[PDB]
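Participant: make a model of this:
(chains A, B, C and D, ligands or ions: 4)
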Amino acid sequence: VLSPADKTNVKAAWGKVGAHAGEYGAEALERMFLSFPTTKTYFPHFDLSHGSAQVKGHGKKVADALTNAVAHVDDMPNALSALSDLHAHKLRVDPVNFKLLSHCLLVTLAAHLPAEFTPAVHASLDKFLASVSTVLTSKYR
Amino acid sequence: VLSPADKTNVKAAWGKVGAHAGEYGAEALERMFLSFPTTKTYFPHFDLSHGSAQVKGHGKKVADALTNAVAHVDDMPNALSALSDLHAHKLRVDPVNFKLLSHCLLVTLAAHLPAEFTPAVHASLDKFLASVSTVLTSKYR
Amino acid sequence: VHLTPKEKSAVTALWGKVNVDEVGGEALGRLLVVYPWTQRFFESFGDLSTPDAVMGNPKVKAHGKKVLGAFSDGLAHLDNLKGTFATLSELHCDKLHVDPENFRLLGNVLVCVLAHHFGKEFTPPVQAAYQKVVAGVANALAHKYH
Amino acid sequence: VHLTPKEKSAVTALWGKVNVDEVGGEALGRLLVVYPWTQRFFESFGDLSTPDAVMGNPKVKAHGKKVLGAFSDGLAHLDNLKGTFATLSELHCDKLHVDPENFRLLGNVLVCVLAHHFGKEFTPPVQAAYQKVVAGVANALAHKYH
Ligand code: HEM
Ligand code: HEM
Ligand code: HEM
Ligand code: HEM
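Facilitator: Residues are numbered from 1 along each chain as shown, chains lettered A, B, ... in the order given. Ligands and ions are numbered 1, 2, ... in the order given. Structure data below:
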């Protein structure tokens, strides 16, 4: 469960991301594809090379979903219900892969927001991304 | 999330356990200790040998908690809140270990309830134990 | 992986009683039912819409038979699982890109199927021996990742 | 584990800039803060009540220094990590009984600390090289389990 302090930390850190939201999402995807090549197979219709407009566009989508989760942090199962159906049913994303993308999102935030990425905020962000991942893996059928 | 059919399957399978509830819990613990020896370190004040009265007693406790979860399956975070505090705060149980005990509970049920352990019911029981595990690991601080 | 003689005995004795035509299909079918994301790798197998559909699917039974064959082969070479599973590792890791966590899951589903089939004969010490085996097989199959 | 020359270059070049007195303590401290169950193994370290307490704890900084030393040693023997980590494997697996998932977690926390310290210099390809390294170290440390 996310504590009051966790929610405060996550909202504050994500607030600093700003107009870089889509950019950071795209970078996290790139980090995941390079670090954990098994994840690439979900995107055969994507060119996954650096500077790919498809990865850029997709990063924005991912970021917008995380922003939705932040904005509705006390109601995340409802807010992410459609996305849960998509990832679990249609795409059949292996639950391990959410841990991989979550780690790459943390690395991206650490690399861009050194002042915000305190140990306490790192812990809050990890709990938040684990909560998001729990919702997105909740619909396997 | 547990579907209506999942809840029906779990209630039916657990209904067949009966007065063997405590016994099956004790057997699942024994299976876990022998199969995954890292888990033994949580119980230094226990004699973990076969026929141990402490493992027997503890198995009953575990079973009673699972029965509570079955009886309150739509309100499990509330029903298991005290147990969540215990395992995460005081005992600091590594979340991996819940997957290990869940597997040993499935093996125990399979070994004792061959008619009940259909593929559908196996799937429902796995989802149920994963849900229980999610609650019991929800309070790390 | 190292099994005691007592564990080797327990493992080999039980394995001799295994129905090699059915148990692999039961394990693969249950993997597909219990962990539905694994169906991503078996779109060519046809009807996987219900548990009954999965367990009755002739392609699931046929493939399960080869998987069991691989486990049987591993039991014969417990001190050289890496070499035994080298080609399978290249297939599952380099060609298929299956996350290796799923190797562990299938091994644990096999253990459940053995428990189902053998009942009280699948004692806690027998299980503990089989857990060493399926962990060994999973680690060997994942060698191309590490 | 096999790194390309380009990856070896990226890894060794960055590691030469690492503050070896601080980075290990930062990684160990963050492990204790982010994954609080790991505090179970460090009761003798004293005050771990708050993140500030953890990060400022002299024992956390001192131990982190030895861990980093072990990672440094691994970087020098990338083609023999098993031998390099043999004694540490016996300690962490046979004596301490730490679940090996936590070896992976500490490696990933180290990667976060490197990203924190190096910023845009910690590029996605540099990270990918370091992920191979910390996976290799985790697997070698877990050898006594498999
Ligand atoms: C924090 C975790 C994640 C978030 C917030 C997220 C968010 C999203 C969003 C917003 C979309 C687009 C939905 C739409 O257009 O209708 C999407 C699609 C998709 N996601 Fe994710 N996702 C996450 C994790 C993952 C992971 C771990 C994988 C696989 C490794 C994955 C694979 C995909 C794929 C394949 C698509 C469809 C792309 C396409 O066909 O165009 N996602 N995700
Ligand atoms: C389905 C999962 C689990 C359930 C339902 C469960 C249930 C329980 C219950 C009912 C108690 C007694 C509570 C009390 O007396 O106040 C307990 C205590 C305990 N549990 Fe669990 N537990 C689970 C998983 C685990 C795991 C995976 C571990 C470690 C590997 C663990 C380690 C312990 C320990 C060390 C105690 C305290 C024993 C003592 O000091 O007497 N539990 N658990
Ligand atoms: C211990 C675990 C496993 C063992 C022993 C095993 C064994 C095998 C064997 C013997 C084959 C036949 C190869 C051949 O025809 O020469 C095969 C093929 C295959 N496996 Fe597995 N397997 C395991 C886990 C998995 C998992 C978890 C997945 C996916 C979730 C998977 C996906 C596949 C696929 C898609 C094929 C067909 C490849 C092809 O025909 O080109 N395997 N495996
Ligand atoms: C890549 C991962 C790790 C590395 C490289 C590593 C390295 C080390 C090193 C170098 C030592 C000092 C040994 C000595 O004094 O000779 C040590 C001790 C220790 N480690 Fe780690 N470690 C890792 C992961 C972990 C984790 C995840 C835990 C617990 C969650 C842990 C618990 C301990 C403890 C309790 C000691 C003290 C043992 C003693 O003094 O008797 N280690 N480790």
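Participant: do a quick rundown of the helices in chain C.
Facilitator: C:5-15, C:23-34, C:51-56, C:58-75, C:81-84, C:86-89, C:101-118, C:124-141 (DSSP state H).
Participant: check whether the second one comes near chain B.
Facilitator: It refers to helix C:23-34. Yes - residues of helix C:23-34 contacting chain B under C-beta under 8 Å from any C-beta of the partner chain: C:29-30, C:33-34. Where you see a C-beta, it was placed from the backbone N, CA and C, and this is true even at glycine.
Participant: how far does that helix sit from its chain's centre?
Facilitator: Distance of helix C:23-34 from the chain centroid (C-alpha atoms, centre = their mean, to the nearest Å) equals 9 Å.
Participant: now do that helix against helix C:58-75, angle only.
Facilitator: On the basis of axes from the mean of the first three to the mean of the last three C-alpha atoms, to 10 degrees, helix C:23-34 is oriented at 120 degrees to helix C:58-75.
Participant: determine which two of the residues of helix C:23-34 next to chain B are furthest apart.
Facilitator: Greatest spacing in those, by C-beta to C-beta: C:29 and C:34 (9.4 Å).
Participant: verify the contact between residue C:128 and residue B:32 for me.
Facilitator: No - with contact defined as C-beta atoms under 8 Å, residue C:128 does not count as touching residue B:32 (9.6 Å).
Participant: those two: who's more crowded?
Facilitator: Between residue C:128 and residue B:32, counted using other C-beta atoms under 10 Å in any protein chain shown, residue B:32 has the larger neighbour count: 26 against 20.
Participant: quick one, helices of chain A?
Facilitator: A:4-17, A:21-35, A:53-71, A:76-79, A:81-85, A:96-112, A:119-136.
Participant: so how far is residue C:142 from the residue nearest the centre of chain C?
Facilitator: Against the mean C-alpha coordinate of chain C, by C-alpha atoms, centre = their mean, the closest residue is residue C:107 at 4.5 Å. Going from residue C:107 to residue C:142 by C-beta to C-beta, to the nearest Å gives 11 Å.
Participant: get me the contact residues on chain C for chain D.
Facilitator: Counting by C-beta under 8 Å from any C-beta, chain C comes close to chain D at C:1, C:135-136, C:139, C:146.
Participant: list buried residues within those.
Facilitator: For the residues of chain C next to chain D, a burial check counting by 16 or more other C-beta atoms under 10 Å in any protein chain shown picks out C:1, C:135-136, C:139.
Participant: contact residues of chain A facing chain D?
Facilitator: A:27, A:30-31, A:34-36, A:103, A:106-108, A:110-112, A:114, A:117-120, A:122-123, A:126.
Participant: rerun at 7 Å
Facilitator: A:27, A:30-31, A:34-35, A:103, A:106-107, A:110-111, A:114, A:117, A:119-120, A:122-123, A:126 (C-beta under 7 Å from any C-beta of the partner chain).
Participant: show me which of those are buried.
Facilitator: A:27, A:30-31, A:34-35, A:103, A:106-107, A:110-111, A:117, A:119-120, A:122-123, A:126.
Participant: and for residue 3, the neighbour number?
Facilitator: I went with chain A, as the question did not name one. Count around residue A:3 with other C-beta under 10 Å applied: 12.
Participant: meant chain C, my bad for not saying
Facilitator: By the criterion of other C-beta under 10 Å, residue C:3 has 20 neighbours.
Participant: also residue A:56?
Facilitator: Residue A:56: 16 surrounding residues under other C-beta under 10 Å.
Participant: that one touches residue A:26, doesn't it?
Facilitator: Yes - Residue A:56 is within contact range of residue A:26, at 4.8 Å (criterion: C-beta atoms under 7 Å).
Participant: got the contact list for residue A:121?
Facilitator: Contacts for residue A:121 (C-beta atoms under 7 Å, 6 or more residues apart in numbering or on different chains) come out as A:9, A:13.
Participant: rebuild the helices of chain C as JSON lines, extending it with distance to ligand 2.
Facilitator: Compiled in JSON lines, the helices of chain C are given as follows (distance: least, C-beta to the nearest ligand atom, whole Å):
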{"stretch": "helix C:5-15", "distance to ligand 2": "22"}
{"stretch": "helix C:23-34", "distance to ligand 2": "17"}
{"stretch": "helix C:51-56", "distance to ligand 2": "24"}
{"stretch": "helix C:58-75", "distance to ligand 2": "27"}
{"stretch": "helix C:81-84", "distance to ligand 2": "27"}
{"stretch": "helix C:86-89", "distance to ligand 2": "31"}
{"stretch": "helix C:101-118", "distance to ligand 2": "15"}
{"stretch": "helix C:124-141", "distance to ligand 2": "15"}
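Participant: which of those is buried the deepest?
Facilitator: Stretch with highest mean neighbour count among these: helix C:23-34 (a mean of 25; mean count of other C-beta atoms under 10 Å in any protein chain shown).
Participant: now residue A:121: how far from residue D:23?
Facilitator: Counting by C-beta to C-beta - residue A:121 and residue D:23 are separated by 18 Å.
Participant: what parts of chain C come near ligand 3?
Facilitator: Residues of chain C that fall close to ligand 3, judged by C-beta under 6 Å from any ligand atom: C:38, C:41-42, C:66-67, C:70-71, C:88, C:92, C:96, C:98, C:102-103, C:106-107, C:137-138, C:141.
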